[PDB]
Chemist: 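Handing you a structure now.
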Amino acid sequence: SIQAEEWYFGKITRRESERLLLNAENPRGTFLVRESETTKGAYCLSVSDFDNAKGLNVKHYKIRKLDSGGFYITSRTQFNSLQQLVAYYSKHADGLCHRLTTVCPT
Ligand SMILES: CC(=O)N[C@@H](Cc1ccc(OP(=O)(O)O)cc1)C(=O)N[C@H]1CCCCN(Cc2ccc(-c3ccccc3)cc2)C1=O
């Protein structure tokens, strides 16, 4: 159950995800997964980043789920579950702003 996952914040807004992530104590890769405001059946992986150009900032990645079963940000790299997706991106940055590190504090 994704609702069982501590990083799954459910039905929170994009502005709210940003408020929680834009905390000076959050290292790069601090994250949370929430429902998408705009796409039914889709989720959003919100991630904190930091660089000298932009300072502390947030990136949002749409996660799609096939009726066929797979979860993915890019269709070339799919997972059998949202949890396997989160585990993969915690080890590989690939196209993300940073690999996922720890769950966002509320
Ligand atoms: C308005 C906005 O912020 N849009 C997001 C996408 C997005 C995210 C959530 C969402 O619901 P909400 O309405 O609930 O918020 C709507 C749109 C976006 O555009 N992100 C960027 C993220 C940084 C990379 C650029 N990009 C394209 C891209 C390119 C490569 C990858 C990629 C990631 C991992 C592995 C391989 C490729 C991901 C995104 C985005 O989508």
Side-chain angles (χ1 to χ4, degrees):
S1 189
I2 67 173
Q3 316 214 111
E5 306 301 318
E6 70 276 8
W7 38 259
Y8 187 68
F9 285 37
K11 187 181 188 52
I12 62 162
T13 63
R14 168 191 191 91
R15 178 174 178 87
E16 174 63 3
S17 71
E18 293 176 346
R19 188 190 67 73
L20 300 174
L21 292 158
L22 291 170
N23 170 342
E25 281 175 44
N26 290 335
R28 297 175 74 195
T30 297
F31 74 100
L32 64 87
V33 172
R34 57 175 175 94
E35 285 179 356
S36 171
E37 290 190 0
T38 52
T39 311
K40 84 285 102 207
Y43 301 95
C44 171
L45 169 67
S46 298
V47 187
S48 76
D49 198 19
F50 184 88
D51 60 28
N52 290 346
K54 310 189 166 206
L56 185 61
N57 67 103
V58 176
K59 272 78 177 201
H60 301 286
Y61 302 95
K62 192 124 40 188
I63 295 180
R64 302 298 254 136
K65 192 271 180 305
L66 301 172
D67 271 332
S68 344
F71 290 83
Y72 62 81
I73 292 176
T74 175
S75 73
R76 323 274 191 128
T77 309
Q78 309 185 197
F79 304 92
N80 298 330
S81 66
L82 196 47
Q83 300 98 145
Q84 279 165 302
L85 184 150
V86 164
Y88 177 89
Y89 289 112
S90 291
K91 292 244 189 46
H92 312 256
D94 291 2
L96 301 185
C97 57
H98 193 276
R99 77 174 176 91
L100 306 179
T101 54
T102 57
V103 66
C104 192
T106 77

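Sequential numbering from 1 along the given sequence is applied to the chain's residues. Side chains included, hydrogens not; waters and symmetry mates left out as well; all remaining heavy atoms used.
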Chemist: Where the side chain of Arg28 meets the backbone of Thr101, is there a donor-acceptor pair that is under 3.5 Å apart?
Modeler: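 No, because the side chain of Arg28 does not come within donor-acceptor range (under 3.5 Å) of the backbone of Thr101.
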Chemist: Mind checking the CG-OG1 spacing from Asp94 to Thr77? Nearest 0.5 Å is all I need.
Modeler: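 Answer for the CG-OG1 pair, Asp94 versus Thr77, is 6.5 Å.
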Chemist: Locate the shortest heavy-atom distance separating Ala42 from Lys62; write the atom from each residue and the value.
Modeler: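 Shortest heavy-atom contact: CB-CG, 4.4 Å.
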Chemist: For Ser90, does its backbone N or O pair with a side-chain atom of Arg99 as donor and acceptor, under 3.5 Å?
Modeler: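 Here the side-chain-to-backbone pair exists.
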Chemist: Given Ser46, which partner from the list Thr30, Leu32, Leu20 fulfils the side-chain contact (heavy atoms from CB on, under 4.5 Å) test?
Modeler: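 So, applying the side-chain contact (heavy atoms from CB on, under 4.5 Å) to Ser46 and each of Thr30, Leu32, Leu20, only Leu32 qualifies.
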Chemist: CD/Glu5 to OG/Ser81 distance, rounded to the nearest 0.5 angstrom?
Modeler: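 Answer rounded to 0.5 Å: 8.5 Å.
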Chemist: Any non-hydrogen side-chain atom of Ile63 less than 4.5 Å from a side-chain atom of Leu82?
Modeler: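 The answer is yes; the side chains approach within 4.5 Å.
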Chemist: So, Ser48 side chain and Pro27 main chain: donor-acceptor pair closer than 3.5 Å or not?
Modeler: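 At least one qualifying donor-acceptor pair exists.
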Chemist: Please check if the side chain of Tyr43 supplies one atom and the backbone of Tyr8 the other of a donor-acceptor pair under 3.5 Å.
Modeler: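 No.
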Chemist: What are the two closest heavy atoms between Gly41 and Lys65, and how far apart are they?
Modeler: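 It is O-CB, 4.1 Å.
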Chemist: Kindly compute the distance separating CZ (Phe71) from CG (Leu85), expressed to the nearest 0.5 Å.
Modeler: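 If I round to the nearest 0.5 Å, the distance is 8.5 Å.
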Chemist: Using 0.5 Å steps for rounding, measure from the CG atom of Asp49 to the CG atom of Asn26.
Modeler: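 Atom-to-atom, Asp49:CG and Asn26:CG are 11.5 Å apart.
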Chemist: Mind checking the OH-CG spacing from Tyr88 to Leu96? Nearest 0.5 Å is all I need.
Modeler: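 If I round to the nearest 0.5 Å, the distance is 9.0 Å.
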Chemist: With side-chain contact (heavy atoms from CB on, under 4.5 Å) as the criterion, how do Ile73 and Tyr89 come out once you've worked through the C-alpha distance, each side chain's angles and the decisive distance to 0.1 Å?
Modeler: CA-CA 10 Å; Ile73 292 176; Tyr89 289 112; 4.2 Å; yes
Chemist: Rounded to the nearest 0.5 Å, how far does CG of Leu56 lie from CG of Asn23?
Modeler: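 If I round to the nearest 0.5 Å, the distance is 7.5 Å.
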Chemist: side-chain contact (heavy atoms from CB on, under 4.5 Å) for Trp7 and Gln83? Distances and angles first, verdict last.
Modeler: CA-CA 10 Å; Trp7 38 259; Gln83 300 98 145; 3.8 Å; yes
Chemist: For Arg34 versus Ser17, what's the shortest heavy-atom pair and its separation?
Modeler: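 Heavy atoms only, the tightest pair is NE-OG, 3.5 Å.
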Chemist: Are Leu66 and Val86 connected in the hydrophobic side-chain network, where two residues link if heavy atoms are under 4.5 Å apart?
Modeler: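 No; tracing contacts between hydrophobic side chains, which count when under 4.5 Å, never links both residues.
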Chemist: Compare every heavy atom of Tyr72 with every heavy atom of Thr74, then report the nearest pair and how far apart it is.
Modeler: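 Here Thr74 and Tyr72 meet closest at O-CB, 3.3 Å.
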Chemist: Is the backbone N or O of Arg14 less than 3.5 Å from a side-chain atom of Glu37, with the two atoms forming a donor-acceptor pair by type?
Modeler: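 Here the side-chain-to-backbone pair exists.
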Chemist: Identify whether the distance between the nearest side-chain nitrogen and carboxylate oxygen of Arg15 and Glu18 falls below 4.0 Å.
Modeler: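 No, no charged N to carboxylate O under 4.0 Å.
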Chemist: Is it true that atom CD of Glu25 has more than 12 heavy atoms of other residues, nucleotides or ligands lying nearer than 6.0 Å?
Modeler: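 Count not over threshold, so no.
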